[PDB]
Structures are given as structure tokens and as C-alpha cells.
$ cat run-v2.cif   # mmCIF, C-alpha atoms
data_final
loop_
_atom_site.label_atom_id
_atom_site.label_comp_id
_atom_site.auth_asym_id
_atom_site.auth_seq_id
_atom_site.Cartn_x
_atom_site.Cartn_y
_atom_site.Cartn_z
CA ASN A 1154 -7.86 -14.48 -33.36
CA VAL A 1155 -11.20 -14.15 -31.63
CA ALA A 1156 -12.15 -17.83 -31.94
CA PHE A 1157 -9.12 -19.20 -30.13
CA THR A 1158 -9.13 -16.40 -27.53
CA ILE A 1159 -12.57 -17.49 -26.38
CA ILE A 1160 -11.38 -21.07 -26.00
CA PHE A 1161 -8.35 -20.40 -23.83
CA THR A 1162 -10.57 -18.09 -21.86
CA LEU A 1163 -12.90 -20.99 -21.26
CA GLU A 1164 -10.15 -23.23 -20.04
CA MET A 1165 -9.36 -20.57 -17.49
CA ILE A 1166 -12.85 -20.10 -16.15
CA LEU A 1167 -13.01 -23.86 -15.62
CA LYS A 1168 -9.62 -23.92 -13.94
CA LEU A 1169 -10.93 -21.31 -11.55
CA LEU A 1170 -14.00 -23.36 -10.68
CA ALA A 1171 -12.13 -26.58 -9.88
CA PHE A 1172 -9.44 -25.06 -7.64
CA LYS A 1173 -11.53 -22.16 -6.32
CA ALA A 1174 -8.84 -19.50 -6.84
CA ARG A 1175 -6.42 -20.23 -3.97
CA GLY A 1176 -5.25 -23.40 -5.67
CA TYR A 1177 -5.18 -21.90 -9.14
CA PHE A 1178 -2.55 -19.28 -8.40
CA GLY A 1179 -0.35 -21.84 -6.67
CA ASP A 1180 1.02 -23.45 -9.82
CA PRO A 1181 3.15 -20.92 -11.70
CA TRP A 1182 2.26 -22.06 -15.16
CA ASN A 1183 -1.30 -21.01 -14.37
CA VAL A 1184 0.02 -17.62 -13.31
CA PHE A 1185 1.52 -17.35 -16.77
CA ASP A 1186 -1.69 -18.71 -18.24
CA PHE A 1187 -3.59 -15.92 -16.53
CA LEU A 1188 -1.17 -13.43 -18.05
CA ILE A 1189 -1.73 -14.73 -21.58
CA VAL A 1190 -5.55 -14.78 -21.37
CA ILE A 1191 -5.74 -11.11 -20.34
CA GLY A 1192 -3.35 -9.69 -22.93
CA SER A 1193 -5.00 -11.77 -25.62
CA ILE A 1194 -8.34 -10.12 -24.81
CA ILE A 1195 -6.75 -6.68 -25.07
CA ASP A 1196 -5.45 -7.82 -28.46
CA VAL A 1197 -9.08 -8.24 -29.55
CA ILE A 1198 -10.62 -5.11 -28.03
CA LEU A 1199 -7.89 -2.67 -29.00
CA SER A 1200 -7.88 -4.02 -32.54
CA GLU A 1201 -11.60 -3.66 -33.11
CA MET O 1 2.96 -13.58 6.25
CA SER O 2 6.37 -14.11 4.59
CA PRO O 3 5.17 -12.85 1.16
CA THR O 4 3.12 -10.05 2.68
CA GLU O 5 5.09 -8.88 5.74
CA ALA O 6 8.48 -8.64 4.05
CA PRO O 7 10.13 -5.22 3.58
CA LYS O 8 10.67 -5.88 -0.10
CA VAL O 9 6.93 -6.24 -0.74
CA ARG O 10 5.92 -3.19 1.30
CA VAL O 11 8.52 -0.89 -0.21
CA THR O 12 7.29 -2.14 -3.58
CA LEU O 13 3.58 -1.70 -2.88
CA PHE O 14 3.96 1.87 -1.66
CA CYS O 15 5.98 2.59 -4.80
CA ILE O 16 2.93 1.31 -6.66
CA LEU O 17 0.84 3.75 -4.61
CA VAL O 18 2.96 6.71 -5.73
CA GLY O 19 2.65 6.32 -9.49
CA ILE O 20 -1.04 5.49 -9.32
CA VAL O 21 -1.51 9.29 -9.05
CA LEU O 22 1.21 10.14 -11.58
CA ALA O 23 -1.04 8.78 -14.28
CA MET O 24 -3.92 10.64 -12.58
CA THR O 25 -1.71 13.68 -12.97
CA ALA O 26 -1.54 12.98 -16.70
CA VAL O 27 -5.25 12.11 -16.93
CA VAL O 28 -6.23 15.73 -16.21
CA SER O 29 -3.06 17.58 -17.23
CA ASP O 30 -2.85 18.77 -20.83
CA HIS O 31 0.77 19.65 -21.37
CA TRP O 32 2.82 17.25 -23.46
CA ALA O 33 2.48 18.86 -26.83
CA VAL O 34 3.87 22.37 -27.19
CA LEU O 35 3.07 23.80 -30.61
CA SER O 36 5.19 26.79 -31.70
CA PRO O 37 4.23 28.55 -34.93
CA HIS O 38 4.73 32.11 -33.71
CA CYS O 46 0.79 33.67 -31.18
CA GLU O 47 -0.60 30.18 -31.84
CA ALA O 48 0.83 27.80 -29.23
CA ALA O 49 -1.34 24.81 -28.27
CA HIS O 50 -1.35 22.53 -25.19
CA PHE O 51 -2.75 19.07 -25.91
CA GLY O 52 -3.84 16.44 -23.42
CA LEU O 53 -6.16 13.45 -22.95
CA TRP O 54 -9.35 15.45 -22.52
CA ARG O 55 -8.47 19.15 -22.63
CA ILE O 56 -6.63 20.74 -25.56
CA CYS O 57 -5.51 24.26 -24.97
CA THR O 58 -4.52 27.00 -27.44
CA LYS O 59 -2.78 29.93 -25.73
CA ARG O 60 -1.60 33.13 -27.45
CA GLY O 76 -3.09 35.98 -21.69
CA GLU O 77 -5.84 34.35 -23.76
CA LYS O 78 -5.70 30.91 -22.15
CA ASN O 79 -8.38 28.89 -23.96
CA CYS O 80 -8.67 25.14 -23.34
CA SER O 81 -11.22 22.97 -25.17
CA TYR O 82 -11.92 19.58 -26.77
CA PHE O 83 -11.62 18.03 -30.25
CA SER O 104 -7.51 10.75 -31.26
CA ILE O 105 -10.49 9.19 -29.51
CA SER O 106 -8.66 5.88 -29.42
CA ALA O 107 -6.25 7.37 -26.88
CA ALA O 108 -9.07 8.12 -24.46
CA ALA O 109 -10.81 4.74 -24.53
CA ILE O 110 -7.61 2.80 -23.84
CA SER O 111 -6.97 4.79 -20.67
CA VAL O 112 -10.38 3.78 -19.35
CA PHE O 113 -8.82 0.33 -19.00
CA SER O 114 -5.74 2.04 -17.63
CA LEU O 115 -8.23 3.10 -14.98
CA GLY O 116 -10.42 0.00 -15.07
CA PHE O 117 -7.52 -2.31 -14.38
CA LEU O 118 -6.19 0.18 -11.87
CA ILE O 119 -9.34 -0.23 -9.83
CA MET O 120 -9.38 -4.02 -10.22
CA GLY O 121 -5.69 -4.23 -9.47
CA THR O 122 -6.23 -2.52 -6.15
CA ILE O 123 -9.19 -4.57 -4.93
CA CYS O 124 -7.24 -7.82 -4.85
CA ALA O 125 -4.17 -6.16 -3.32
CA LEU O 126 -6.26 -4.66 -0.53
CA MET O 127 -7.96 -7.87 0.57
CA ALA O 128 -4.69 -9.80 0.14
CA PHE O 129 -3.59 -8.66 3.59
CA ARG O 130 -6.56 -9.85 5.64
CA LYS O 131 -8.24 -13.29 5.54
CA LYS O 132 -4.82 -15.09 5.30
CA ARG O 133 -4.71 -15.08 1.51
CA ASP O 134 -1.37 -14.36 -0.10
CA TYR O 135 -1.74 -15.98 -3.51
CA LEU O 136 -4.03 -13.04 -4.32
CA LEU O 137 -1.03 -10.73 -4.27
CA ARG O 138 -0.01 -12.36 -7.56
CA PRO O 139 -2.97 -11.40 -9.83
CA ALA O 140 -3.05 -7.88 -8.45
CA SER O 141 0.44 -7.49 -9.85
CA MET O 142 -0.89 -8.56 -13.24
CA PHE O 143 -3.39 -5.74 -13.63
CA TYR O 144 -0.80 -3.17 -12.63
CA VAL O 145 1.32 -4.31 -15.54
CA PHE O 146 -1.70 -4.10 -17.83
CA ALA O 147 -2.45 -0.72 -16.32
CA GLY O 148 0.80 0.85 -17.49
CA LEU O 149 0.67 -1.02 -20.75
CA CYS O 150 -2.57 0.73 -21.56
CA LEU O 151 -0.77 3.98 -20.71
CA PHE O 152 2.09 3.29 -23.12
CA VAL O 153 -0.52 2.90 -25.84
CA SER O 154 -2.09 6.27 -25.06
CA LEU O 155 1.36 7.85 -25.05
CA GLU O 156 2.12 6.89 -28.63
CA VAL O 157 -1.35 7.70 -29.88
CA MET O 158 -1.00 11.21 -28.49
CA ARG O 159 2.37 11.17 -30.21
CA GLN O 160 0.36 10.36 -33.34
CA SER O 161 -1.89 13.28 -32.58
CA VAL O 162 1.43 15.13 -32.83
CA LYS O 163 2.98 13.15 -35.71
CA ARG O 164 0.26 14.26 -38.10
CA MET O 165 0.12 17.74 -36.58
CA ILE O 174 5.74 23.97 -35.29
CA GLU O 175 7.62 21.68 -32.88
CA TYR O 176 6.96 19.17 -30.10
CA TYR O 177 8.07 19.85 -26.54
CA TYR O 178 7.29 18.64 -23.03
CA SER O 179 8.24 19.69 -19.51
CA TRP O 180 5.38 18.20 -17.48
CA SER O 181 3.08 15.45 -18.87
CA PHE O 182 5.37 13.37 -21.14
CA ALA O 183 7.96 12.92 -18.39
CA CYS O 184 5.27 12.10 -15.80
CA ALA O 185 3.23 9.70 -17.94
CA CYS O 186 6.45 8.24 -19.32
CA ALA O 187 7.34 7.96 -15.68
CA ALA O 188 3.99 6.46 -14.60
CA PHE O 189 4.37 3.88 -17.34
CA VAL O 190 7.98 3.44 -16.22
CA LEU O 191 6.71 3.11 -12.67
CA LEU O 192 3.72 0.80 -13.07
CA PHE O 193 5.25 -1.56 -15.60
CA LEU O 194 8.37 -1.99 -13.48
CA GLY O 195 6.83 -2.27 -10.05
CA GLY O 196 4.17 -4.81 -10.87
CA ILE O 197 6.74 -7.08 -12.47
CA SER O 198 8.83 -6.72 -9.32
CA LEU O 199 5.69 -7.38 -7.24
CA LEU O 200 5.13 -10.43 -9.44
CA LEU O 201 8.58 -11.87 -8.87
CA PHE O 202 8.36 -11.36 -5.11
CA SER O 203 5.40 -13.67 -4.53
CA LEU O 204 6.32 -16.46 -6.88
CA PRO O 205 8.46 -18.72 -4.66
CA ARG O 206 12.04 -19.24 -6.08
CA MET O 207 13.95 -21.36 -8.51
CA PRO O 208 14.11 -24.59 -6.51
CA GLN O 209 17.95 -24.93 -6.51
CA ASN O 210 17.83 -28.57 -5.28
CA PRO O 211 16.15 -31.76 -6.49
CA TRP O 212 13.54 -31.98 -3.77
CA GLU O 213 12.06 -28.51 -3.99
CA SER O 214 9.05 -27.58 -6.08
CA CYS O 215 7.26 -24.36 -6.78
CA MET O 216 4.03 -24.54 -4.75
CA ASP O 217 5.51 -26.75 -1.98
CA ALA O 218 3.81 -26.64 1.41
CA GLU O 219 4.27 -23.27 3.20
#
$ encode --input "run-v2.cif" --output "C-alpha cells"
Amino acid sequence: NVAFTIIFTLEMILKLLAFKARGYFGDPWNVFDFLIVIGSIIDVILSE
Amino acid sequence: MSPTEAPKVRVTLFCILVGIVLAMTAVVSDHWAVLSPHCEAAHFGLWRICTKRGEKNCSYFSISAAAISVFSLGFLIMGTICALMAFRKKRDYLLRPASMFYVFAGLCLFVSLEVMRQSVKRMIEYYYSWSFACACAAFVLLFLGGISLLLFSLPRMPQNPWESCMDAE
């Protein structure tokens, strides 16, 4: 639960670097992918 | 312009700006547990916890419910920073992630509701006339407005075989 959550975080930091933000929130799967990464982190912190 | 000048996005954003304080009501109010032994009434909150007989005495002590609402304040800062700069500098995509944190603002509030219901469930009645109906309005505000703010800046279902989400302008 922690080990995957770090990995899909690290696909999202990379997909901010390549598109520089303006282009990342243009494709609405990435908007959903931003939504999953956040709530998955709160799954970790609130559990522990 | 068209995502940020529309009347549906400015009615919505001011309705975000109302319930940002309704949680801040609940963050310093201590009213949504009314104990009644019969006197030994208590008035619980998020920081203050207040036993009244008059001899009004409020104090401290359920520490899970406090730490969650830091991120119901930490997101609530970070939700506002993007939304503020999303009017200037001709950025309008940035209106989308600011809607995200407002959803995760109220979702941290709904946690701290039920945990202070579990500070009641182990602890004679339960009654509310101020805090429960404001914080379970602030949740009901922030969760519902941010989702509406989210839908109003995603483009549309394309309706026709040439359109695409993310198409020029």
C-alpha cells in the first residue's frame, strides 16, 4: 500500500516536468490521475 | 476567460468562500455534543471541551480528530493559492486542481465529524444545535462545490465525432 503509492506518485512528478503544468491539466485522464495520487497519500497518512 | 468569467464559476467560487469560514466556525466552536446526566452537562469540540453545571468551565483532554483537520486547513490554504492566481496570468487550467483540494478539504472534515462522534459513541444523550449542523454543512458545502467547480472547467462530452477534450481554445 505504501510501495505502489510511491510509484504512481513518481509517475506524476515526471508528468509534471515534461508538460510543465499547463499541459498536464489539459488531458482529463491526468486530472483523474491527480485525484487518485492525492487520496492514495491520505490513505497512507491517516492509516499510520 | 470563458472558464473564468462565466457566471456559473463565479457564483460557485463565492459559495466556496462562504463555507470556508463555516468550518472555521466549527474549528473554534465546541458545541456538538450535549451531555445530559442531570448538573453535569458537557460541551465538546475540536480543541475546547466544556463542562457546564453559571459555572461555565471549558478545558482540554480523540487526538486523531485534531490532526486530520490540520489537512482540512492545509489543503484549504493550498486550494486557495491556485484559485487566486488562476485569474491573472491567463492560466485557466489551474482552476481545476484548486477544485481538487477543496474536495479533499471537506473530506478531511467528514473524518473529524465521525471521530468526534466516536468521542461520543464511547461516552446521557447526544444533541446539537450549532456545530454538527454547521460542520455537516461545511462538509456538505465544500464537497459539493468543489465537484461542481471541477465539472465547470473540464470541457464537455464531445457530442460529435470531431471534438476532443483538450481541443484548441
$ resolve_selection --input "run-v2.cif" --expression "the PyMOL selection byres ((chain O and resi 174) around 9)" --output "ChimeraX atom specification"
/O:34-38,48,165,175-176
$ atom_distance --input "run-v2.cif" --atom1 "atom CA of residue 27 of chain O" --atom2 "atom CA of residue 141 of chain O"
21.6 Å
$ atom_distance --input "run-v2.cif" --atom1 "atom CA of residue 47 of chain O" --atom2 "atom CA of residue 158 of chain O"
19.3 Å
$ resolve_selection --input "run-v2.cif" --expression "the PyMOL selection byres ((chain O) within 10 of (chain A))" --output "ChimeraX atom specification"
/O:106,109-110,113,133-139,142-143,145-146,149-150,153,200,204-205,214-217
$ closest_residue --input "run-v2.cif" --among "O:54, O:14, O:178, O:83" --to "residue 199 of chain O" --atoms "all atoms listed in the file"
O:14
$ resolve_selection --input "run-v2.cif" --expression "the PyMOL selection byres ((chain O and resi 152) around 12)" --output "short mmCIF file (atom, residue, chain, number, x, y, z; two decimals) with C-alpha atoms, keeping the file's coordinate frame"
data_model
loop_
_atom_site.label_atom_id
_atom_site.label_comp_id
_atom_site.auth_asym_id
_atom_site.auth_seq_id
_atom_site.Cartn_x
_atom_site.Cartn_y
_atom_site.Cartn_z
CA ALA O 23 -1.04 8.78 -14.28
CA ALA O 107 -6.25 7.37 -26.88
CA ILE O 110 -7.61 2.80 -23.84
CA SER O 111 -6.97 4.79 -20.67
CA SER O 114 -5.74 2.04 -17.63
CA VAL O 145 1.32 -4.31 -15.54
CA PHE O 146 -1.70 -4.10 -17.83
CA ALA O 147 -2.45 -0.72 -16.32
CA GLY O 148 0.80 0.85 -17.49
CA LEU O 149 0.67 -1.02 -20.75
CA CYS O 150 -2.57 0.73 -21.56
CA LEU O 151 -0.77 3.98 -20.71
CA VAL O 153 -0.52 2.90 -25.84
CA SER O 154 -2.09 6.27 -25.06
CA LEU O 155 1.36 7.85 -25.05
CA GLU O 156 2.12 6.89 -28.63
CA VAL O 157 -1.35 7.70 -29.88
CA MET O 158 -1.00 11.21 -28.49
CA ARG O 159 2.37 11.17 -30.21
CA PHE O 182 5.37 13.37 -21.14
CA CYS O 184 5.27 12.10 -15.80
CA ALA O 185 3.23 9.70 -17.94
CA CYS O 186 6.45 8.24 -19.32
CA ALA O 187 7.34 7.96 -15.68
CA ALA O 188 3.99 6.46 -14.60
CA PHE O 189 4.37 3.88 -17.34
CA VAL O 190 7.98 3.44 -16.22
CA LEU O 191 6.71 3.11 -12.67
CA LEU O 192 3.72 0.80 -13.07
CA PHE O 193 5.25 -1.56 -15.60
#
$ residues_near_point --input "run-v2.cif" --point "(6.1, -1.6, -7.6)" --cutoff "9 Å" --atoms "only C-alpha atoms" --output "PyMOL selection string"
chain O and resi 9+11-17+19+141+144+191-199
$ write_last_selection --input "run-v2.cif" --atoms "C-alpha atoms" --output "PDB file, keeping the file's coordinate frame"
ATOM      1  CA  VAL O   9       6.930  -6.240  -0.740  1.00  0.00           C
ATOM      2  CA  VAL O  11       8.520  -0.890  -0.210  1.00  0.00           C
ATOM      3  CA  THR O  12       7.290  -2.140  -3.580  1.00  0.00           C
ATOM      4  CA  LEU O  13       3.580  -1.700  -2.880  1.00  0.00           C
ATOM      5  CA  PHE O  14       3.960   1.870  -1.660  1.00  0.00           C
ATOM      6  CA  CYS O  15       5.980   2.590  -4.800  1.00  0.00           C
ATOM      7  CA  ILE O  16       2.930   1.310  -6.660  1.00  0.00           C
ATOM      8  CA  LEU O  17       0.840   3.750  -4.610  1.00  0.00           C
ATOM      9  CA  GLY O  19       2.650   6.320  -9.490  1.00  0.00           C
ATOM     10  CA  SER O 141       0.440  -7.490  -9.850  1.00  0.00           C
ATOM     11  CA  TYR O 144      -0.800  -3.170 -12.630  1.00  0.00           C
ATOM     12  CA  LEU O 191       6.710   3.110 -12.670  1.00  0.00           C
ATOM     13  CA  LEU O 192       3.720   0.800 -13.070  1.00  0.00           C
ATOM     14  CA  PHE O 193       5.250  -1.560 -15.600  1.00  0.00           C
ATOM     15  CA  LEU O 194       8.370  -1.990 -13.480  1.00  0.00           C
ATOM     16  CA  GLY O 195       6.830  -2.270 -10.050  1.00  0.00           C
ATOM     17  CA  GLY O 196       4.170  -4.810 -10.870  1.00  0.00           C
ATOM     18  CA  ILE O 197       6.740  -7.080 -12.470  1.00  0.00           C
ATOM     19  CA  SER O 198       8.830  -6.720  -9.320  1.00  0.00           C
ATOM     20  CA  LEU O 199       5.690  -7.380  -7.240  1.00  0.00           C
TER      21      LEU O 199
END
$ residues_around --input "run-v2.cif" --residues "residue 1166 of chain A" --least-positions-apart "6" --cutoff "12 Å" --atoms "only C-alpha atoms" --output "mmCIF file with C-alpha atoms, in the coordinates of the input"
data_model
loop_
_atom_site.group_PDB
_atom_site.id
_atom_site.type_symbol
_atom_site.label_atom_id
_atom_site.label_comp_id
_atom_site.auth_asym_id
_atom_site.auth_seq_id
_atom_site.Cartn_x
_atom_site.Cartn_y
_atom_site.Cartn_z
ATOM 1 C CA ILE A 1159 -12.570 -17.490 -26.380
ATOM 2 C CA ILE A 1160 -11.380 -21.070 -26.000
ATOM 3 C CA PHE A 1172 -9.440 -25.060 -7.640
ATOM 4 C CA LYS A 1173 -11.530 -22.160 -6.320
ATOM 5 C CA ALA A 1174 -8.840 -19.500 -6.840
ATOM 6 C CA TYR A 1177 -5.180 -21.900 -9.140
ATOM 7 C CA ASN A 1183 -1.300 -21.010 -14.370
ATOM 8 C CA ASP A 1186 -1.690 -18.710 -18.240
ATOM 9 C CA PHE A 1187 -3.590 -15.920 -16.530
ATOM 10 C CA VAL A 1190 -5.550 -14.780 -21.370
#
$ residues_near_point --input "run-v2.cif" --point "(6.0, 18.3, -18.2)" --cutoff "10 Å" --atoms "all atoms listed in the file" --output "PyMOL selection string"
chain O and resi 26+29-33+177-185
$ atom_distance --input "run-v2.cif" --atom1 "atom CA of residue 206 of chain O" --atom2 "atom CA of residue 123 of chain O"
25.8 Å
$ axis_aligned_box --input "run-v2.cif" --around "segment 36-77 of chain O" --padding-each-side "5 Å" --output "lines of an AutoDock Vina configuration file"
center_x = -2.1
center_y = 24.7
center_z = -28.3
size_x = 24.5
size_y = 32.5
size_z = 23.2
